[PDB]
Each structure stands twice: as C-alpha cells, then as structure tokens.
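What follows is a single structure, written as structure tokens, with notes after it.
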Amino acid sequence: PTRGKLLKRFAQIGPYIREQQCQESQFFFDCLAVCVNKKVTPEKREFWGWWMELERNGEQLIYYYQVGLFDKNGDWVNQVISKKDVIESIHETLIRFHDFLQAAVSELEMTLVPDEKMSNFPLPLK
Numbered sequence: 007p008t009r010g011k012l013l014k015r016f017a018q019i020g021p022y023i024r025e026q027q028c029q030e031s032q033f034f035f036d037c038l039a040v041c042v043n044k045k046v047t048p049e050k051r052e053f054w055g056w057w058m059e060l061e062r063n064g065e066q067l068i069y070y071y072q073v074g075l076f077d078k079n080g081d082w083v084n085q086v087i088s089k090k091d092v093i094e095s096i097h098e099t100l101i102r103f104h105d106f107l108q109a110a111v112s113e114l115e116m117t118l119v120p121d122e123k124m125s126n127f128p129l130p131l132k
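Numbering (PDB author numbering), first residue to last: 7 to 132.
This is how it looks when you write it as structure tokens:
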C-alpha cells in the first residue's frame with residue numbers, strides 16, 4: 007500500500023489522524039476524550055486523552071499509545087488525572103479507535119504490532 011492510500015484509509019476511521027504531524031513512515035493520531043474543565047475560557051481549555059505514534063516498517067505498523075493531557079498550548083503530556091471516570095472514558099475511546107484501526111489494517115493486508123514501549127502502557131487493549 008502507498009502512503010497516500012494509508013492516509014486516506016486511516017482518515018476514514020474518523021477525526022483521529024493528524025495528517026500535518028505524519029512523517030514519511032510515521033502516522034500520528036490523537037483523541038480529545040474528556041474536557042479538563044468546561045467552565046474555563048476558550049483560550050485555557052484543555053483535554054484528557056491519548057495520542058498514538060504508528061511507525062511503518064514494510065507490511066508492519068508498530069503502534070505506541072500514550073495517555074495524558076492536551077494542554078492549552080496544544081501539547082500532549084504523559085500525565086493524567088487519577089480519576090476512574092476520566093481514565094475509563096479515555097480507555098473506551100482508545101478501544102473503539104483500535105478496533106477500527108485493526109479492521110482497517112486487515113483490509114489493507116498489513117499487520118499491527120505493539121511497540122516495545124507498550125510494555126509500560128498502563129491500560130489494556132482489545
């Protein structure tokens with residue numbers, strides 16, 4: 007599969023992919039799952055969520071998810087509020103997305119492989 011077709015097919019999954027942040031053989035996804043605080047002003051608004059780097063190595067796509075905060079400056083940081091309701095919300099968006107991603111990957115006849123750093127991922131996949 008061409009990089010252009012990968013991008014198109016990954017775009018079909020939903021608003022996760024961030025084309026602008028995708029490199030030659032790396033694709034970037036994220037998900038704003040839970041507003042930190044809705045009472046705040048637009049300029050200070052932040053989200054708990056996840057982001058994911060996907061490295062292409064031939065027929066392999068190697069995934070590394072991290073969980074954390076998307077801050078008011080547009081940066082992801084790997085710290086998260088220690089609230090069960092928030093962490094569950096993030097987890098459910100990640101599970102749903104990954105299931106779309108695997109289905110997409112089978113349909114492109116490729117393989118989905120966890121990065122070695124997934125050993126330190128704090129929640130499970132499906």
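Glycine residues also receive a C-beta, built at the ideal position from the N, C-alpha and C atoms.
Residue i to residue j span [Cα, whole Å]
i	j	result
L12	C37	19 Å
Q85	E49	21 Å
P128	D81	20 Å
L60	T8	15 Å
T47	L131	34 Å
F16	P120	17 Å
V83	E52	11 Å
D91	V73	14 Å
First through last residue of the alpha helix (DSSP H) which encompasses residue i
i	result
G10	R9 to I19
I93	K90 to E113
Residue i burial status per 10 Å Cβ neighbour count (16 or more: buried)
i	result
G55	buried
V111	buried
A39	buried
Opposing strand residues paired with residue i [DSSP bridges]
i	result
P120	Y69
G74	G55
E61	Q32 and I68
Extent of the continuous beta strand (DSSP E) run through residue i
i	result
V40	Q32 to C41
Whole-number beta carbon distance between residue j and residue i, since they are thought to touch under 8 Å
i	j	result
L118	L67	5 Å
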